[PDB]
Ligand SMILES: CCCCCCCCCCCCCCCCCC(=O)OC[C@H](COP(=O)(O)OCCN)OC(=O)CCCCCCCCCCCCCCCCC
Ligand SMILES: Nc1ncnc2c1ncn2[C@@H]1O[C@H](COP(=O)(O)O)[C@@H](O)[C@H]1O
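Right, here's the structure in full:
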């Protein structure tokens, strides 16, 4: 792609997310989502192979269906309220349709059927854009409509996302599908604490974006897209195995790491509201995520899978890659738990 | 929770009343831990580019430490501000609603009957 | 039954939607969507939106001419399904029509109905304004306000159309 | 700049006329004295009813009759 | 509410189930998204012209704009499916199943 | 350390932690009452500004 | 001379070293000035002088 | 089917066994219809007859589980004279697990479903006793 | 770094220096075709940069001090042991062929980097488009297995698709008897163990598979042995070519920018040479890989990045 056009298209993706974040009018929310989808489609088709075209077709169909349901929720709100302010919704039908639309845009289960497909089809950089930056505009709209979100719907979507994203990653050897089912489980964690304390929703979103950006930057820095090619990293750059070790143990929710920070706080806000069964099932179901994270740490860091002969040539060449903010994101994704009361800045 | 507080004054990282609070010391152990995070970022930065980890790029390690201390100072200011706001609103709500918070009469243990459960 | 004219045009609107939503072939899908978008500019033209109906007619005529060209170029099969060639097309076509005229029958006999919302059964002439707007049609004034009041809406819409052209030329390259 | 202008007028004269007309339409309303009178005509076109005022006692600029000398006048539009 | 909103919401649901149940042909369902845009246009416009909220009268035009501004997008994504494969059948797009 | 030092230091620790525990219980009760009643500075979800309302004399009088 | 090719990091990028040290010194002096202004404003708003 | 679980739980335990069995049968039938709908959705049956065969098989499986659960629970609450007791639903959940094993035609699935569905039904009865909330309303 | 998207934005278009002297020319031929001077002779007529043929130690010649590393660090293979024992148990044949394919991929990346950065054309000897003929000769002679050919075809399928062919391919017809005569006059005792059928298979995969598929995407210039002795005739035939075939004609600034961003990153060039296809010829086990990697780190000038080594005399490390 022409880099001026790449700059303009990425600024337009960012502009769509900002127009969703800053606007007080429902039509401008919908315009921001349309602009976001429309601009991110050529980021997915950066390589022009059939898998990117398939991923872009599936992504276009899911996000277009979600935006249709979003605009129908907006028009039913216009009927039952005569106004356009981005606030609570004045009808449970519009509340359900907008919650369905935002759950489709997040790829939360049972609308999850596009996130491993689309994430596998596209490159690692566009997969990073998909799993981090596209989880900011629907979480804005969910942060703004929580007086009208049905409790049973968002909790069913949340625990169904956590369970399905837990079981999905166990059967995977492709790193992008692992990160996609990890995305599904983590969006379930974020939306389960949405009606109890949305500050914990924002905390989980930020810590998740840090850890996911760390993992995709490590994958891009190692040029690995499968488990079995990530397993050659000890013979090429052994510090990267340590970084994926600490980041995957962080993403599993293990103390003393920062990925234990959101989970615990979510439990800390769900037991206040006399819900004991639900965060317990969520915590126990997160052990599946931890299990396929531990599978990746076994294949990469804790053992040494056999490499090839041609790796001896790659010993003679360093990385000329822009590993942008990789030590900063690696430190923030692992050693941030003693700074856990920083979450009050998200109030 | 406190979203209606910061809605009359939007997008203020530190408001004016945040200047009525003591700022964090520069020897704050939270700030020293954030500076240690900057030093660890400098070490990982020299490690992944296969530089000598302790010797190469002392200017770069020093700007890592300086940048984390600089960001973390304002992050600790906003943290302390939001907890002071939490306590101020708590105390004002308890004061403005006395009927919801009755003054308890703490009985001594000579009137309080507790059932003894013998371990035998 | 002439007071029910917007209701009758809305029945033809739903019939066109069952026509192209059964998906026979995008030739006949374009036919059904032209019929629905041409009675939908008669539904909304009886509310005062003469500008705002002729445009959804005209934009969708250009749209279905483009869609015709693509379904003659890309989405073409040797024996296109007219409306009745496939059993799954005709079955859901008859299903949509029978359910639509079923909820016609339940709303003219009872004058009220409830599918998720509650709906009246009287003709929708009842809800119109009993006043006049003077020397301006108010929907024309509101769409004219897109330049005076809608400046940010102009900026984001024109930017979205510009990057729509850029996005489409970046997709349809292949290399 | 003149040789390139002659070159593009020789090769693509439709585009030269296009950029000339577009440049005039950009710069020329900012250089006309009559653009003020466009706004003054548009805000003196009475679509709505001029809803009258309750006379409190101290309004010297507001008339009591349309044929009174005080108030906004349209002699500038009659002369032009 | 009024009688016409029954059938315009009915047409939205008919086009919804037509979109959301594919018949192995991608152009036939890209018509259904355009029909959902038509139904949203007519529904919002009936609501806006009804209540004389005149300043939102520019809203359906804008809505209609983004209609084709994604429909064209779908067609630009229809031709890449129909250049990789001879047809635009949606069951050819199953490579990302593994 | 002296037993006096450990003893009075333990009393200081118990004062600080009992005050924190009573303030946490007060914080939970304040959150419950503010979510239930909506009359405190927290849980003030946005409504429409009345500065947006135009109070000018409109075209028709009955409004 | 050891390396057969001139490496990208043979000499220190003195523009980048100067930018790094200038940015770090500016952030330290701005941090200390901000902290002195904050403690002076605290002592002014509370009279703790 | 929020009212299906309500008309299951609005009946005192050990009083009317036929209506409890019918209510749990209808709960199982609705669960089997949901599983059948997603099963014919995501995995295409080879014919319409095979689709309705899978639908009827899963529906009758889950409805038989519900019927034997409600029957065993209410008969145990009658013969043990302890209506507010989770051991009744432990026996009922093991009867439903043996029902699921007999429908899957295997003993190991029957024993595993006995154990886990008995523990699950016991936890549901304890939640009905102490008022446990899984979808708890936000209070603080 | 030195080149990136920002350099492309700020005016450095890579067709502003693409002149008519910018010709990538690959000279091919059999084992002793006498092309080894011919390419250099072309590079001293057209003003081009000659690259020698990539041996085992080409990557050693591009990095570090340029001296050849010991063979356990580069290659883990020997051409002379391939000449001695071609059907060896340790799989030296395909391991040598895979290392040579990676070395030629690196050399072709260096050639395109020089061509797209300086505008000076490069004269190569046996590029990656002609590397498969030795694989096919080794497979026809039964030196390797079919799984080795499948591994080579996977690596070639995912690596050569991102590059361009040369502009000119020069081929030298030398018969098998003349090749054997030049081998006997060469004096290398390992090279005299080359069988006649291996040379005949090299010539057959040349004339039957390589040149009929390269004649469409570039311009072949097939010479005999005596007329390749005169470089002036060959360079005169090069200078009067009508460059019309191949995908070099439809290359704008954007495509060559994307190619140059691929080409200058050597770990992305060599990304797919080490694919996790566990083949017994090329798979080195865990303990041997750990031992040779830790012995490679202890080499002079190899412990850190190329400007960060006190044992070779790098100064000002604390400001780098
Ligand atoms: C600032 C005022 C507002 C300007 C913006 C609004 C414009 C409104 C009119 C609509 C124009 C839309 C289409 C414009 C396309 C321009 C680009 C273009 O077509 O370039 C190619 C063209 C030569 O055509 P060619 O390359 O041969 O194309 C293949 C077919 N033959 O290349 C050319 O013909 C050369 C184009 C550049 C030189 C044009 C010089 C015109 C000067 C007119 C007088 C000065 C006017 C004031 C503005 C400053 C102009 C520099
Ligand atoms: N892929 C390969 N496999 C085996 N030997 C090769 C390969 N490529 C080049 N050679 C050898 O490299 C030498 C090249 O001959 P020369 O013309 O002297 O450079 C001959 O000994 C060839 O057999």
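Residue numbers (PDB author numbering), protein chains in the order written: chain N, 1 to 347; chain o, 1 to 120; chain J, 1 to 175; chain m, 4 to 83; chain K, 1 to 98; chain W, 81 to 143; chain x, 1 to 49; chain V, 1 to 140; chain k, 1 to 320. Note that beta-carbon positions come from the ideal geometry of N, C-alpha and C, so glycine has one too.
query                                                                                                                                                                                                           : result
Does at least one heavy atom of ligand 2 sit under 6 angstroms from the Cβ of residue 278 of chain k?                                                                                                           : no
If residue 256 of chain N sits next to residue 270 of chain N, beta carbons under 8 angstroms apart, how far is it from one beta carbon to the other, in whole angstroms?                                       : With a Cβ gap of about 22 angstroms, residue 256 of chain N and residue 270 of chain N do not count as contacting.
Tell me which residues share the same chain as residue 68 of chain k and place their Cβ nearer than 6 angstroms to its Cβ, disregarding the 5 neighbours each side in the sequence.                             : 57 and 60
With which residues is residue 222 of chain k paired in a DSSP beta bridge?                                                                                                                                     : k:171
In terms of residues, what are the limits of the beta strand (DSSP E) holding residue 134 of chain k?                                                                                                           : Taken as a continuous stretch (DSSP letters only), residue 134 of chain k belongs to no beta strand (DSSP E), being part of the alpha helix (DSSP H) at 132-140.
Would you kindly work out how many angstroms separate the C-alpha atoms of residue 208 of chain k and residue 179 of chain k, rounded to a whole number?                                                        : 19 angstroms
Give me the chain x residues within the contact set of residue 334 of chain k, using Cβ-Cβ distance strictly less than 7 angstroms, ordered along the chain.                                                    : Outside the shown range of chain k (1 to 320) lies residue 334 of chain k, about which nothing can therefore be said.
In whole angstroms, what separates the C-alpha of residue 27 of chain K from that of residue 40 of chain K?                                                                                                     : 20 angstroms
What are the boundary residues of the beta strand (DSSP E) that residue 328 of chain k is part of?                                                                                                              : Only positions 1 to 320 of chain k appear in this structure, which leaves residue 328 of chain k out of reach.
Over the uninterrupted beta strand (DSSP E) stretch that includes residue 20 of chain N, give me the two end residues.                                                                                          : It is not in any beta strand (DSSP E) - residue 20 of chain N instead sits in the alpha helix (DSSP H) that spans 3-22.
How would you list, in chain order, the residues of chain W whose beta-carbon sits under 9 angstroms from the beta-carbon of residue 83 of chain N?                                                             : 128
Do residue 21 of chain J and residue 32 of chain K have their CB atoms nearer than 7 angstroms?                                                                                                                 : yes
So, are the CB atoms of residue 331 of chain N and residue 40 of chain o less than 7 angstroms apart?                                                                                                           : yes
I want to verify the contact list: residues of chain k whose CB lies under 9 angstroms from the CB of residue 125 of chain N, in sequence order.                                                                : Going along chain k, no residue has its Cβ under 9 angstroms from residue 125 of chain N, so there is no contact; the nearest lies around 13 angstroms.
Give every residue of the same chain whose Cβ lies closer than 7 angstroms to the Cβ of residue 106 of chain W, excluding the five residues on either side of it in the sequence, and list them in chain order. : none
Hey, which unbroken runs of the alpha helix (DSSP H) at 4 residues or more fall wholly within the segment 48-111 of chain o?                                                                                    : 58-96
Provide the residue(s) that pair with residue 118 of chain J in DSSP beta bridges, ordered along the chain.                                                                                                     : J:114
Are the segment 1-21 of chain k and the segment 147-154 of chain k touching by the rule of at least three beta carbon pairs closer than 8 angstroms?                                                            : no
Evaluate residue 58 of chain J with the Cβ neighbour count: other Cβ atoms within 10 Å of its Cβ, from every protein chain shown; 16 or more gives buried, anything less gives exposed.                         : exposed
Taking residue 237 of chain N as the reference, give the member of N:37, N:301 and N:333 with the closest Cα.                                                                                                   : N:301
Against chain V, which members of the segment 54-88 of chain N pass a CB distance test of less than 8 angstroms?                                                                                                : none
Looking at the strands, I want to know which residues DSSP matches up with residue 308 of chain N.                                                                                                              : k:283
Figure out for me which residue from m:73, m:69 and m:55 has the closest Cα to the Cα of residue 63 of chain m.                                                                                                 : m:73
What residues from chain N crowd round residue 108 of chain W, counting only those whose CB sits closer than 7 angstroms?                                                                                       : 272
Name the DSSP beta bridge partners of residue 49 of chain k, please?                                                                                                                                            : k:122
Do residue 50 of chain k and residue 40 of chain k count as a contact pair if the criterion is CB distance below 7 angstroms?                                                                                   : yes
Apply the 10 Å Cβ neighbour rule to residue 65 of chain J and answer buried if 16 or more other Cβ atoms are within range, or exposed otherwise.                                                                : exposed
Starting from residue 25 of chain k, follow the beta strand (DSSP E) in both directions and report where the run begins and ends.                                                                               : 25-27
Looking at residue 140 of chain N: is its Cβ nearer than 7 angstroms to the Cβ of residue 21 of chain N?                                                                                                        : yes
Given the structure, does residue 124 of chain k come close to ligand 2, in the sense that its CB is under 6 angstroms from one of the ligand's heavy atoms?                                                    : no
Report whether the distance from the Cβ of residue 181 of chain k to the nearest heavy atom of ligand 2 is below 6 angstroms.                                                                                   : no
Kindly indicate if chain o contains any beta-carbon less than 7 angstroms away from that of residue 330 of chain N.                                                                                             : yes
When DSSP labels each residue in this structure, what does residue 3 of chain J get in the three-state scheme?                                                                                                  : coil
Starting from residue 53 of chain N, follow its DSSP beta bridges and name the residues at the other end.                                                                                                       : Answer by DSSP bridge pairing: none, since residue 53 of chain N is not bridged.
Here's a check: name, in chain order, each residue in its chain whose Cβ is nearer than 8 angstroms to the Cβ of residue 81 of chain K, leaving out the five neighbours to either side.                         : 26, 88, 92 and 93
State the DSSP-derived secondary structure class of residue 7 of chain V, mapped to helix, strand or coil.                                                                                                      : helix
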